[PDB]
Structures are given as structure tokens and as C-alpha cells.
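A short write-up of the structure that comes next.
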Amino acid sequence: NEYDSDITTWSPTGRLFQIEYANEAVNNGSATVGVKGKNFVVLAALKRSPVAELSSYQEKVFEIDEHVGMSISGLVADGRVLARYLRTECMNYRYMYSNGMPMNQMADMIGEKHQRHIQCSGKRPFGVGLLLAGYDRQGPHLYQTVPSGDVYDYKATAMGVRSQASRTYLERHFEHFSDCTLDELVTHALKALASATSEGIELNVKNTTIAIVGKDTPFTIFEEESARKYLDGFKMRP
Amino acid sequence: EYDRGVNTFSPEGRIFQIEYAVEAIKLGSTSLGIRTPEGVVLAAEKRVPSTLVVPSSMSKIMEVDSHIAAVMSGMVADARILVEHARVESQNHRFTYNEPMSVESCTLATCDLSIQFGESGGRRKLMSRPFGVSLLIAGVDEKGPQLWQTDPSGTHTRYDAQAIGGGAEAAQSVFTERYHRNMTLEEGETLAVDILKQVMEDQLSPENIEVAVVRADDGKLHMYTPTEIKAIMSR
Amino acid sequence: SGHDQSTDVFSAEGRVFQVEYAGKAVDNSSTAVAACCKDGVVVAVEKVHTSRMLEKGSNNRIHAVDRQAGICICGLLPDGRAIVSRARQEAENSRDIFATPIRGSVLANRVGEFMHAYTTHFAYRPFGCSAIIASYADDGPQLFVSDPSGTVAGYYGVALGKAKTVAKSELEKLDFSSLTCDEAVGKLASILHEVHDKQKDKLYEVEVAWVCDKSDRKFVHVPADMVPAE
Amino acid sequence: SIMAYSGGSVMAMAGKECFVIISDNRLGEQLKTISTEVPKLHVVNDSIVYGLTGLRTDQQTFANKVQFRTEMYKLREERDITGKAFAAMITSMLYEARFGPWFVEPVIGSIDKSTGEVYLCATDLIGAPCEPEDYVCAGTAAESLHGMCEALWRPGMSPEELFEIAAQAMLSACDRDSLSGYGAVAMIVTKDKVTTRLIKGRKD
Amino acid sequence: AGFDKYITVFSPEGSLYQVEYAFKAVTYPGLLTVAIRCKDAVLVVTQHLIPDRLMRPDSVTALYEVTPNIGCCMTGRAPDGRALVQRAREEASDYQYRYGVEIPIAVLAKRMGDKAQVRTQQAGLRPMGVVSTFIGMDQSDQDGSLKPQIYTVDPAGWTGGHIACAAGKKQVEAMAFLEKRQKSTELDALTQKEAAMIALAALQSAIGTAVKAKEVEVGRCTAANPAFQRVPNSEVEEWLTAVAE
Amino acid sequence: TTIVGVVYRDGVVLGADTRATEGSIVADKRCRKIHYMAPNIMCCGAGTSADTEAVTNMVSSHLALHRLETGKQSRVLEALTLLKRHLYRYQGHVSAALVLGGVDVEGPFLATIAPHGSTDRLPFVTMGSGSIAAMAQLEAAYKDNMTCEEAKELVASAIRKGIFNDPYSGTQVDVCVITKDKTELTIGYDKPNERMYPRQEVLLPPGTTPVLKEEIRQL
Amino acid sequence: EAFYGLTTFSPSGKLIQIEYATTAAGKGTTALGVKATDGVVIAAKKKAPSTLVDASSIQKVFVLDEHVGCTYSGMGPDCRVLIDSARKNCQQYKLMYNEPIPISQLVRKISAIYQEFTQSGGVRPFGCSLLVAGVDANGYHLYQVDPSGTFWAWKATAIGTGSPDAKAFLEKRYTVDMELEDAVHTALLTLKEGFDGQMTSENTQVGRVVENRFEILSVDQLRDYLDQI
Amino acid sequence: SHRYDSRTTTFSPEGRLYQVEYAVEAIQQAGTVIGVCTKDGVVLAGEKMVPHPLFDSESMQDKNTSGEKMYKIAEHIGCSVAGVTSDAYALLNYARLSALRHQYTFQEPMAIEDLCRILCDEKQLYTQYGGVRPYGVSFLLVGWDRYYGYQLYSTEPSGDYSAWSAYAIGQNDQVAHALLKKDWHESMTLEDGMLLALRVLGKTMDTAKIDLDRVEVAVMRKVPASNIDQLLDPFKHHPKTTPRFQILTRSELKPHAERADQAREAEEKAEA
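This is the structure we're talking about:
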């Protein structure tokens, strides 16, 4: 293949192979699931488990603003850069208007930022995908961004390694998400995340992060200590 | 070779330059790190090129601040830039906030410097290549003893016991056993010395390795002298 | 060989192959149609969804550029978003420097000039989308198409995308002189539904927008209960 | 003012095939004589002699710049610069710093070695040229020099007569000036030879 | 030393391949234009064919106004010429703001040729695959009268005046027809009607299809009316009927 | 300084004085203030001599380059535009008041450019310190379509009005006639102030001034 | 953005890009120059591609200043950049020293741009050769400048296609004490020898440097010299 | 695009820079010039290209600044070039600018070694930075300064320079080096040194009865001062003798050429 070595090279069939490679990079990251309810959005992130004594920690879920947060999958450095950019833009907006940025405008800004790096010769696409969970006057929002620059407005979605199982599970309970309560939404997200784990690994607090955003709930991250309420009692019943 | 650019993606999704810089780490000396409630221990293999070299002139463990140390593996020439940047950022944090800078923040600054590589000039001069250095930053802060690991990709990861360099997989295999949450400082030191023994082609001598300790109770960094290393061995 | 790796290179027969590859990428995109009805312009696009869990309105391909102008994207959506941002910059420059809404022909020419500049330098690649500009300015209803090559052409009716030839043939059956936007919306929606293959794109939606006298000459989306069910 | 801080006066006078350029010797700081042996004349080549008057540091800086320019000109162009070209170059150099002006006031005399035509120039601090056929003068004693030259100069002078007129005018102008004096130095430039003389003056 | 034809570098034969390829982009679209000048006016006729009946015929055109007194025709890659038109207009405006007078046609052509030459010496820039034909009136000295002027600019930056010229597909046949007609009559002594008939006859003979009026667009500058304007279709129709004899 | 311009039957007549004052003292008695701009364009200047010389030389060089580029003769409006843009760019700190006169295919063109950049095209114009006394003469004797002799005499008289009523002007009248084909510049057209009461020419024999050292260098 | 050099050395020590540019510079129409004890005459060949080209609009002889002219052979658009740079250099010199630029300094200035484009990054060498003729304080001068930047001072030379034959013809005919119109006759005859058809006053452009100026010859003057050879 | 970048300033698998070596090879085909540094002056003798009958001489006044092969950098500095002449002109201008800048700053003549060093950094800069080709020219610098007297330097197209008592560059430089080693001594006069120059040149170019139309000679010596004027600055010391760079003319070069070729016969007739 002589059309995949550059970003400003079109394939003869009308393809951009570097962006496809970045999508492949996103497809190899840790699995994460986003679920949108009537008033709440819940993200579930599958972090690395310890090797029987050695617990490694890596920050995947970020808090962007009082009403916004996101989960990354893929290149962690690209996710950090995108988090810094989003936090700066949120701080700029809240300074000018004394209110949080609307989620649609935010998604447009992330899309434009992604597109800025897919057309210049001295640039490369972000090898990371994002799940944006937020709340504004228009209600709950759940977005997914890809290295190509496309932003998808989702009722429920998943991304990462072996996330097709999570997606096909969510495709059976998503139409009821508008009626499930917060606890039911968390259980659905946890089941979707568990559908993406390996054979011999069951979900537990050591290897799962739970992010929640709502109407009166600022974007809150839930980890080892605070995740006891949602993960201590939980098991996949086939 | 210049067939591919420095920002190109592999068909598997990996950046070629970053993956090539990772293989340079495995060609370097072995470095260790142990986190325990009593403190954090850094160990490193010196691998001097000759017996005429002054062993103190090739310090594999450098002091970022009085509570933060850093041990490198790979290309020591590039590691000096990272350690200097970390020192400058820690001093800036002390200047601005009148408090010691956290280990995680120092690692964040190091990775922030590391990620700034590319080829497009434009407005800012970037590095022509990523750093061929993996850093292991140890320290004591308000969250107790903390150990972090830095990659050429610019990704920081908090660890309980991590090893970098040539003897990495064997050290990890030893890590799977013989390690727990609540080892004492002496037990961690002996574990580090034994792991260096297991992955060293040369014979272990007090002047052959470098050991440093950041104590939880003291809160300060303490470089170990060859007699202290011998005392560790004589146990 | 190396004669098709960058846009700054002509072929032996005087062609720019990268622009043709971008046009080929456009030709593999979802079908869009547009009609100028002598009292306004109606544009209709089909959106193919790869997931059934997408929120309604996701991946909008029609965007308002000014009060009276809008752009539909046929091709790579992020490139279309960049082109829409450029068009919005062009439209507000006219309203701020010249205190007048931008004419449809002027906006189309600006979009074509912006798209053409990326086909002349080695450091950039052409946009992988075609832009449908629908305007109702002081020069009357205007419907233009901007090619990844940067050439702009005005139309009475136009079709783009994968199912282009059949949609164009269906558009050839309209009059465009007695045609009005009220019935043109239904005509375009029916054409899009008929020309679309139901066994390859399982999840499809029809997104229709228009700017005529009925919207006070403002480019907006249709009322939800106006397009046919199928 | 800044132009009278260092003192000094220069005057050029035109003969038939010759010109006499004369400068005073005093260098001081606004009342106090730092030295009494500081001539202000500079030789560019066998045909051009010019003097500078004004702030002494500006005199030295401008003289160094002119030396640089003339050496570069003689290196690039395999020939000696002519008087008119040299005056034009000084005009351009002075006008480049039109709003940051140098505090000098050059007085240029030149003669064609083959023709014998005499060219005199005296620009302002910003380069405004002035090319008469009788005499030019600049410095703190400019008014007295102008009066003496107007009263004594005639067209067809010999080098000796021209030198005597220039010396008398310079000494009489320096007598009425507190910032100029302490003898003089004169250069008589003819078609065939160049003579340098030092002229007795008051020690006041 | 292997490629020598993808960037603006000399071939071993001392030729620029990327500039010769841009000359083939002029004739690639298959369009043809003929420009002629009579004793008191200058006309340009360009093929304006719209195979797509759904395309608004008056939206696409190859005739552009550079200045009120200078008109232009672009033959070749349609967007490329458009870009050059913009440059030309800028090269006019700045000139108008620098000297206070309207730019002469020859000066504008020379500056446009200078712009083209830059893209043939800088590596990363692609030449514009169009031939530019500027028509206008030139103010003469010592008598004050106006004279028709045609100036062509090549993708190589070559600028040249013309009594009559052709550019595009089958331009050689049109030039041969014009040269053959020139051997008998004197083009600079003809009237506007005769010059228009000759230009349309050359355009028809080059392609051999007996064009209608909707298939061509004509631009014109006259001594009585120095402004550049397009000839209405009725006059083109009467010209074609006069030719049909 | 007094500079005057007059439009006559066919062409423009410019005039100037020749006195240059080095701050209330006469530096040169025969300064040249009618500058060259083109074969058909001239420009008299008043104010800072350095600024006038620099701007006139620069615009003349630009015009020469432009005529090399175009191949036509320079238009007076082009020189006017260049001068006015340059003078306006410096907000009047380039203190040069110019009287521009030329002949083109459009006929005679006479204008004034203020140091701040404003331009006025008029049949008769004055600039300089002695302009007002000059203008009062032009307003008293100017008529349309004068012959060359009448225009020259009127310009000389208007210059003489500034010569005798302005301490900054005098010692000659410089007259330049510009037509379609020929441009003539007369330097000694009028010399009202002649040389009266010649000098005594008191002789100083060689050797009356003592010499301390001497050095002779043969060439 | 094309900041690397296009001209590089070869294993044989040759700058093959400059050699190719020189080959391009020798493919233009024949131009020539002849010096004489009282002036220099340079003549070019304006062979229009057709009779519909308005030969008055095409120029191969250029005026650089009131005392210096030029003619070329090769790429005309490449030549026009150097012509404009030389004119600007002449104007700047007149502004700086209030004297006409000497021909040697102008030739040095032209040669520096050639070297700049043969060594700086992202550009190719020029594909034209220049014949510069002029007067200065030390007499009459005629220089040839090549794409490599090297310049020579000539008594009689030729560039373009058929230049070896023109130089061979000039060598036998040139005389050390040749005067002005004799040089014009020699130049016209040399052009006629290699001319494909008949030399008309609209087919040739000639400029004779006469004692203070370049003064491109008029059509009537060239007819007066063409009907005499 | 980066595909067509030739990568001039890059290392090769042997640690050698190919552009520098190719420039050195280019200089090998240039005309030969030989410098001899004696105790009373320095002689430069170079072969110039065969004079075409239609060549004209630029009627320059001051016929001592630049010849066909030899140029003047400063009043006390001269140079000869071998290689790309158009590249040599730019470096000569740079060297003149540097020398005059040093004279501007310190009001003293620039040291020969300092000028040699400053223009060698210019050549070195193009071999590490810029991404363009280096200068394909070698310089032979001659001059006089009060610190070391008469000096002779040679520069490579890589930034390297060396000081020599006798050296050569251009065609047959190895043969010239071999012959100069055979015949050179410290107790050598100027006229003897010039005799060594021509005798080595005429043998490298393989000619008997050395042709005057193909050889150029320049000398850096010291002459009595001419334009010393003490009255214009009484406190300045003016040296009695100043260094002078003089290019020999046709009539000045042939008296020394006659010594060289009769010496040639005197040394070749006794070999039997």
C-alpha cells in the first residue's frame, strides 16, 4: 500500500488510510460504555486490573466542567490534550457568559478540533475516541467522537476492545433508558461493560470507574471507595 | 529510514516512532521501583563502560526535589532534559504555591514536555523525535509514598512496583510473587537488591548499582552510599 | 507511480488525480438532491446510520450559513463542517464590512475559491465532500454546487452521491417552472426514498430543509410532520 | 544645544584648480577644553577631503561609518569614489536616520584629478545638500566664517592666496567664538599635489 | 534524479514537465475560445455548452470582468482560472490605489505572467492549467484615441499581444483558419461585424458543428464604449445568420 | 521660499526663488527648487529641503521604473498620487509643500500637495513662506488661455512679489515651461537683485599667516 | 514548505541541475552582441509563432536604465524577473550615488541572483542567459551571464540556438578597431546567416549603445539598416 | 514534498557527508593555484582558462583588486579561489564585509587567521543546517598581520582550514604538493619564492616555455607607507611599511617567467 504513509494522500478508491489506522488505534483501547437516561448520563470505564498484587492506575475519565465530563479510549496522551483543550474552552465560556457551555456547541468544537488535524501535512489525527457526558438546559447529552472528526449523538453506545458485545447488549435495553431510574441506568451500564470483559474476569470495584452527570448532579467520578454502592452487589445473570 | 514520517500510524494503530523509541528502553540498563507504607525505593544498574569511569558521574538516580527522585532507563543524554524540566517545574510550583509539588503533577509536567515532538515548524519548534527515555519518578506527598512511570508516548502511570530496562520481564515475574501491600522498607530494599541480582549480567558490588530511598516519615530523599548498599547486602 | 500522491502535480494528460480521488470519495457518500422552485430552494439528504441507538438529529448534514443561506454536505462530514465554518465566516464578513446579506452567487464563489485553494498546494489535500449551497438573497432563489475541485455550478435541480444517476433521472421528470416548494419537499423525499436501496443501508433517515417565502426567507429545517413516511 | 556641546568649526574654500579645507583644533565639553589638538578633517582619497562638526561621539561614529562605506565601495567598485557620489552617499546615510538624526554637519571638498573642477558640499544634520561655487562652512563659528569668506573670497585665487584667505577667515572667526580656536589645520588640494599645514592661533 | 517531472525542476532536455502538463490541462475540458480585434473594437467568443438541462445556463461562464475597461476569458481548468481572475482583480485594485489611474491591459498581463512564473520556480506550487485572454482598450499617446488590445498569458508565464488568437481544444485548426483568412484581408482594418463573423466562422470550422447562440458567449470592448460587456443573444444570432450565407 | 504654478493656453509655467536660508542666515544664494520628475512633469518644493529632495527623487525614480515597465509616458495624476500617499503616510512630519506641474494626453495638470498629503488641482497656485504675496499677484493679473510670454511674465512677477516682501526668498527667479513635447527650464530668467558696489579685494600676500608644520604630498 | 535545496552536487562533482538550466538557456532564439571602439550593438531574433501575434507587443531587447540595455536567450518568463531586478538595482544605485550604475556592478548584482536561485532551497536555477551592454565611466561594456552566475566580458558573442556558428562567423569578421555602424552591419549579417527566412524590421529587434544611452532602434531605423546590408 | 528532499546535511553509514565530498571532487577539476609563503612576502600563482580571441578585459581602474583568479579581501588580505566561481563571489563579499566590520569595531586590521576562521564557519553552517547544498569552493588566503607576519591558509568546503608554508589547490594538487615539498626552505627570498611558484605551476600544467596568457600571479608584500598624514591626528602611530596586495601584469610577470623557464633548462640539461 503506497497511499497510507501520509495524511494528505487520497486512496484511489477515495479513502484516507491514516485516519482508518487512528480508528484502529481507538478500537484497541480499554472498553467504555455510555448510557443516557431521561435526566442522567452514566459512563462506565474498564480500567486495568492488578496482576495479583500490583495495582496500576491510569486516568481515563476526566471532569471537563461542573456539568460536563468525558471518558477516553486509545492514546492517553491525545486524550489528555483533548481534555486540556476542552477544559480551557469551558473556562473561557463560563467566564464570558457566567454559565456552562451547551453540549451541542461543545460537540461542534470537538469535531472542528479533530478536523483541524486531518488535513495538514505536518499533523496527525488524534488516536483517541471520546464519550462526552453532560447536561444543560436541553437535558442529558451523550456524544462519541472519532479521529475522523465525526461526532455522534447517542442514546447509548460503547467503544474499545470487544465493545461489540456491549453495543449488542445495549441494543436490547436502550429504548427503555428514558424510563429507568439512576440506579437502573448504572446497572445497565455495568452490564454493558461486563459484556466486554474477558472470560475469567468479573466486574468489581478494583477495575471499574463510574461517572455520573445529571440535572442537579455535577459530573462526579466514582472509584475504589465511592463505588462500593454500585459494584459490591452486582453479578451478570445470563 | 525516511520512508515514513514521524507522525504516521501503523496499520495496527500505533505510532511508528513511539514504538521504535520503546524498543530503545529495553536496550538500556535496568531500573527498579518499590512502593511501601514506609517509603519508596529506587534501584538502578550502573553498567559503567569501564573501570576507569568515576561511578558518581553516571548517576542513574537524579534528585528532582528534596522529596522527589527520578531514575531513568534508556538514553541518559535525553533523560537529562526531562529531569531538568521536572526540576524547573517543581521549583516553579514551590515558588507559586509555597508547597512541595506532588509527584503526579511532576510526572504530568514531564510527560507534557515529552509529548511535544513532531516535524511541522509553523509557530513552535518541536522535537524531531520522541525521547528514548522511560522515567521512574518516586516521591512522598500528602498521599503518602507514590511511584509513577513515564513512557516515550507521554503516558504516565501510577505503579506499586515497576521495573524498566533490559531486565524488565524477569523483574515483573519476580514482582508477581514475593511482594505485598505492606512490606517494610528493609524488605523492599532486599527485594530490589535480589531483583538486581537476578537480572544483572555483571557481579553485584556496592559500587556497581545505585540505590535511593524516599522515606514516608522523614519525607526527604536519601541517596545511599556504597557502605549502605553493602549493609543492605549483608542481610 | 508518484504522479498521484499530491495535488501540486499534474499528470501527463493534464489531470490532478488527488482531486479525482476526493471526488470518488464524494461519489460513495449518501445521496442528496436539491431543487430551485422559482420561489425558494429545497434540499433533501439521506443520512445512513450505522447504529440504531443514535439520538434523533445526529450527524446533521444541512447547516445554516446565514439567515437566508444554508449548505448541505455530500461526503466526508468533518470536511463539510470546515467548509460550513468558512461559509459562515464569509457570510458574516459581508454583514459586518458591507452591511448587507451575502448574495447566493457570491457565497458560492467564496466556497469554491476556498475549496480550490486546497487543490494547489502540496501540504494540503482536497476536501472529500461536495457542498450544496441554497440561498434566498436579493438575487432571488439560488442553488449552487461546489465540487472538491472547487468549481461551482448553478442548478435548477441537482443530485449527488452514490445513487446519483437514478435520482437525477427522477429529477428530470419535474417541471421546475410550475414547481413550488410545498410539493417540492414531498417530491424530493419521495425520490430519495425510491432511489435508496433497502437491503444495504438498514438505518436511514430523510433530512429536508428549505428557504422560501413561507419561512420569511429564512433557511430552516422542515416541520417534522411534512415529509412523507416513506 | 547638542550641536554646540563639543565645539569645532570647519570651512572649505574653492580656488581655481584647487580647494583649501581648514578645521579648528579645539575639543571641549560645553565650556571646558578637553583637548586643543583635535582636528576634524578626514581624507577619503587623493581627491576628497571632508570634515565633520557637531557632537564628537557622533562625529567619530559617522566617520567610522563613512570609512566602512568608502572601503566597501573601493573593494566592490575597482575605483576611487568621486566627490559628487561621495556627497550623495553621505546625503543618503544622513537621511536614513531622518527621525533619529546624527548630530554631525559634514563639509566636503573634492577635485577632479583629470579635469580640475572643484566640488564643494555642506549638508545639514539630515542631509539637505548645499553646493555653491565659492565656499562652505559649518560649526559654532559658522556666522563669522560666512562673513569673513563673503568679505575676502574672489573667484580666481591661487592655492597660496586661497590658503591665506582661508587661514585669516578661520582665525578671525575663531577669535569671536568661545567654542572654537587653538590654531588651525589646513589642507590645500590641487590637481598635482596635496599639502598639509598647521596654522598658529590664539591659545585662548 | 529519477522523477524530474513531479516538481518544477529541469529535465535533462532543459524542459519543465510540470509546465508542459499544465498546457494539456488547457485543452483537457474540450472548450475553445477565439479572440479578435477590429479597427475599433475587440471581441472574444467562448464556447458555452450546457449538456445538463438541469444546470442553470447563466450561472456558469468563462467571461469575467477584471476592471470595467478590461475583460477576461479563461480556458482550461475552470476553478483554476477563477483563482487567477481573483488575483488579477487584486492586481488591478492595488494598482488603482497605488497610482490613482486604472491599470493598463499590457501591465496587467505582464504582472499576471510574473505571477505564473513564480509557480514554475517554487517547488510546492502547482501551475494554473489555464490560458488567460485579457481584452480591452488602450489609451494612446499624442492623439488620445483608444485602440483594441488582446493579451494572452500562458501557464508558463509567457505574455503576448495578439491581433487574433485561439485557445483550447482544436486551437490549432482555429489558428490555421484565422491565418488563412488573414492572408487575404487585413484584420486591423475590418469592422466589428466582419471581425465577429470571422471569429464565429473560425470557431465553427475548428469544431465543425455550426454552433447556435446559446452555445457561445461573447464579450466585447469598443472605442465608443470602452467598458467590457457581453453581447446580447440577439446580436449573436444575427451574426450567426450573417455567417450562414 | 516662494514657488508658483500657472496653467496657460498649452502647458504649465512653474517658478521659484533661489535663496536657501540656514536658519535666518543665507546659506546658498542660488539654490535649485524646481526639481525633475519626468520628461513632462516637474515639481517645485518648499519647506524642509531634505524632505523635498528625498520625496521628489524617490517618486521620480519610481516613475522612471514605471515607465520602463509600461512603456508609456508618465501621467501627472500618477506622480500626484505617489507623492500624496507618501506625504500622508508620515502625518506631515515629512514637511514638504509641493507644486506639481505637467502635461499629459489629457492636457496640462497643475496641483499642490500639502505636507499632510492633501491635494488641490487649480489653474494657478502658490506655496512657500512668500506664497501669499505671490498669490495676491496671481489673483490680480491671471486670465484664462494666456500665451507663453504672458504666463512667464506673470510667474516672474508673482515670484518677485515674494522676493521683495519675504525675507526668506530672493536673489533670482527660476522659470520652467512644460508643454506636450518640450520642457524648458530657464534659470536666469529674471535677476532683479544684481551685483552692486563690488568688493575691495584686499590682498593678503602668501606668508602673512604663520605656519607651525608643513607637509607636502605629491600625487 | 519547500525549504530544501533542489540543486545538489553529484558524485562527479557536477551540479546537474545547473547544467540542465544551461541547456534550457541555449534553446531560445539567436541573440548576439558586438562591441566597437565607440559603442555596443545587441541584436535579437523576434520570430513570432504566427502572423497573428502582433510582433510589436513581443520584446527581446530591454532597457535597464538610461545607459544600459539587455537581451536574452531561453526562458522569457525567467528572464523578466532578472530584468525587473536589474532595473530596480539601477534605480537604487542612482538613488544612492546620483550616478549611473557601472556595468560591472550591475553584472555582479545580476550574477548574485543567479547564484541565489542555484543554491537556496525550494527553487530551481534560471533557464536564460543575458547579454548586457552599456556605457560607464570607463567606456563601453558587453557582458554574457549564464544560469550558473558566471559572467564574462566579451568583444563579440552570441547566445541561443545556432550560437556556435554565429560566434565562428563573428570571430573572422570582427576587427579590433571596428566602428559603430560597421558593428551593426556585422551583427545584422550574422543574424542573417542563421536566419530561417527573411529579416524584416518586425522580425528583428536591435539596440545600439551610443555614447551615453541604449536607445532601442526604431522600426524606421532598422529598415534603414536592413535595406543597406 | 519530503519525498524529493535530497537530505544534503545528513550523515551516511560511514560517518561521511556525501555533499562535502562531491564539492571536494568539484574543486579537483578547477584551475590549479599554488601559494608559497616566504619571509618577505607571499606569492600566489594560478592557471587561468585559455584566453578566447573574443575575450575582452573589463577596463577597471585600480587594477589590483580582483583578477581572473585572484581577489582582494582587504588592504592587508588577498585570496585565490578554486571551484564554483559564482559560489566564490558570495563568500568573497562576505569576507570583505567581515573584515570591514572588524575594522569598524576595533579600528585595526583583522588578523588573517581570524578572517580565515570567520568565513570557515559560514561554510560549516551550510553542512549542518539549512538543508541546502554547501559551497563548492576552496580558498587560498594570503596576508600580513603584526602577530604572525606573512601567513598562508587553505580552506576546504567543509569549514576546515589549515596554515601552510606552501600549498596548492585545483587540478593536480597532489603533484604540486609533491613538487613543493622537494624544493622549499625557510631561507627563501620573495623572488626565489615566485620562482618556486611558476616552476611548480608550469610542471603541474605540463608546459615548457610557460605561457603568459594562461598564468596569473599576485603578491602580498610590504611597501613603504605613502599616505601617512600625522597633522590630521597627531596621536596616531603610523607604521613605516604597510602590506600591499599587487596583481602582476603581462609586462611584470614575464621577467620572472624567463627566470623560471631558463631555470627549467638549466635543471633538465644536466640529467644525462
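Sequence order for the protein chains is F, E, G, J, A, I, B and C. According to the deposited numbering, the stretch in the first sequence is residues 168 to 405, in order. According to the deposited numbering, the stretch in the second sequence is residues 107 to 341, in order. According to the deposited numbering, the stretch in the third sequence is residues 6 to 235, in order. According to the deposited numbering, the stretch in the fourth sequence is residues 2 to 205, in order. According to the deposited numbering, the stretch in the fifth sequence is residues 4 to 248, in order. According to the deposited numbering, the stretch in the sixth sequence is residues 30 to 248, in order. According to the deposited numbering, the stretch in the seventh sequence is residues 3 to 231, in order. According to the deposited numbering, the stretch in the eighth sequence is residues 2 to 273, in order. Where is the CB? At the ideal position from N, CA and C, for every residue including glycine.
### Query
How big is the Cα-Cα spacing for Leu297 (chain F) and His308 (chain F)?
Rounded to whole angstroms, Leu297 (chain F) to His308 (chain F) spans 13 angstroms at the Cα level.
### Message
I need the straight-line Cα distance from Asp176 (chain J) to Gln169 (chain J), nearest angstrom please.
### Response
Whole-angstrom Cα-Cα distance: 11 angstroms.
### Task
Whole angstroms is fine: what's the gap from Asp219 (chain I)'s alpha carbon to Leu112 (chain I)'s?
Computed Cα separation, rounded: 30 angstroms.
#### Entry: Environment of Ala108 (chain I) [buried if 16+ CB atoms lie within 10 Å]
Counting other Cβ atoms within 10 Å of its Cβ, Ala108 (chain I) reaches 16 or more and is therefore classed as buried.
### Query
If contact means a Cβ-Cβ distance below 9 angstroms, which residues of the region 15-32 of chain A contact chain B?
Under the 9 angstroms Cβ criterion, the region 15-32 of chain A contributes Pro15, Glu16, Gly17, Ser18 and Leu19.
### Query
Counting Cβ pairs closer than 8 angstroms, one from the region 82-96 of chain A and one from the region 29-45 of chain A, do we hit at least three?
No, the region 82-96 of chain A does not touch the region 29-45 of chain A.
### Message
Below 9 angstroms on C-beta distance, what does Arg177 (chain J) contact in chain I?
### Response
What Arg177 (chain J) touches in chain I: nothing, since even the nearest Cβ is about 15 angstroms away.
### Query
Helix, strand or coil: how does DSSP classify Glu295 (chain E) here?
Looking at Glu295 (chain E) - three-state DSSP - the assignment turns out to be helix.
### Message
Extract the residue ranges of the alpha helix (DSSP H) inside the region 161-221 of chain E, only unbroken runs of 4 or more that lie entirely within it.
### Response
Considered as a whole, the region 161-221 of chain E harbours 182-203 and 209-221 as its complete alpha helix (DSSP H) runs of no fewer than 4 residues, in chain order.
### Message
Cβ closer than 7 angstroms: which chain B residues qualify as neighbours of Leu97 (chain I)?
### Response
Near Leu97 (chain I) (Cβ distances below 7 angstroms), the residues of chain B are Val65 and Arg89.
### Task
Step through the CB atoms of chain A and report whether any lies within less than 9 angstroms of the CB of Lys211 (chain I).
Not one chain A Cβ lies under 9 angstroms of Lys211 (chain I).
### Task
Measuring alpha carbon to alpha carbon, tell me which of G:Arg108, G:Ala40, G:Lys219 and G:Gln10 ends up nearest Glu177 (chain G).
Nearest C-alpha to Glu177 (chain G) among G:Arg108, G:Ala40, G:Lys219 and G:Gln10: G:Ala40.
### Chain-order list of residues whose beta-carbon lies under 6 angstroms from that of residue 325 (chain I) (same chain, five-residue window excluded)
Nothing about residue 325 (chain I) can be read from this structure; chain I reaches only from 30 to 248.
### Task
Would you list the one or two residues that DSSP bridges to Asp247 (chain E)?
Paired residues: E:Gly250.
### Task
Compare the C-beta of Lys215 (chain A) against all C-beta atoms of chain B and say whether one is closer than 9 angstroms.
By the rule that beta-carbons nearer than 9 angstroms mark a contact, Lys215 (chain A) does not touch chain B.
### Message
Assuming contact is defined by CB atoms lying nearer than 9 angstroms, are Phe153 (chain B) and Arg110 (chain B) in contact in what I supplied?
### Response
Their beta carbons are under 9 angstroms apart, which means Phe153 (chain B) touches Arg110 (chain B) by this criterion.
### Query
What number of angstroms, rounded off, separates the C-alpha of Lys29 (chain B) from the C-alpha of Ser96 (chain A)?
CA-CA distance, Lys29 (chain B) to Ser96 (chain A), rounds to 38 angstroms.
### Query
Hey, how far is the Cα of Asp323 (chain E) from the Cα of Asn168 (chain F)?
Cα to Cα, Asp323 (chain E) sits roughly 59 angstroms from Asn168 (chain F).
### Query
Which first and last residues belong to the beta strand (DSSP E) in which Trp145 (chain C) is found?
Its beta strand (DSSP E) spans residues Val138 to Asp146.
### Below-9 angstroms beta-carbon distance, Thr10 (chain B) vs any chain C residue
By this cut-off, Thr10 (chain B) is an interface position.
### Message
Less than 9 angstroms between the C-beta atoms of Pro229 (chain A) and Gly139 (chain A), yes or no?
### Response
Their beta carbons are under 9 angstroms apart, which means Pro229 (chain A) touches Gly139 (chain A) by this criterion.
### Query
Pick from F:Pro179, F:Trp177 and F:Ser172: whose alpha carbon is nearest that of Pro117 (chain E)?
The candidate whose alpha carbon is nearest that of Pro117 (chain E) is F:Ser172.
### Task
Kindly indicate the opening and closing residues of the beta strand (DSSP E) around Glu217 (chain C).
Residue range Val216 to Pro225 is occupied by the beta strand (DSSP E) that includes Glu217 (chain C).
### Query
Taking C-beta to C-beta, are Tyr26 (chain G) and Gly316 (chain F) nearer than 9 angstroms?
Contact annotation: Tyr26 (chain G) and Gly316 (chain F) have beta-carbon atoms that are not nearer than 9 angstroms.
### Message
Just to confirm my understanding: we take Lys373 (chain F), look at its own chain, exclude 5 residues before and 5 after, and list those with CB closer than 8 angstroms. What are they?
### Response
Contacts found: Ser216, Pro217, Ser222 and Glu391.
### Query
Are the beta-carbon atoms belonging to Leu202 (chain C) and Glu48 (chain C) less than 9 angstroms from one another?
Cβ atoms of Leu202 (chain C) and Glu48 (chain C): closer than 9 angstroms.
### Message
For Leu94 (chain I), would you say it is in contact with chain B, using Cβ-to-Cβ distances shorter than 9 angstroms as the test?
### Response
By this cut-off, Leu94 (chain I) is an interface position.
### Message
If you follow the beta strand (DSSP E) that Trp154 (chain B) is in, where does it begin and where does it stop?
### Response
Per DSSP, the unbroken beta strand (DSSP E) holding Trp154 (chain B) starts and ends at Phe153 to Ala155.
### Message
Quick check on this structure: which residue in A:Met131, A:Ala192, A:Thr49 and A:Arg40 has the alpha carbon closest to the alpha carbon of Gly33 (chain A)?
### Response
Closest by alpha carbon: A:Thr49.
### Task
Report yes if the C-beta distance between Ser89 (chain I) and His64 (chain I) is below 9 angstroms; otherwise report no.
Cβ distance < 9 angstroms, so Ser89 (chain I) and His64 (chain I) count as in contact.
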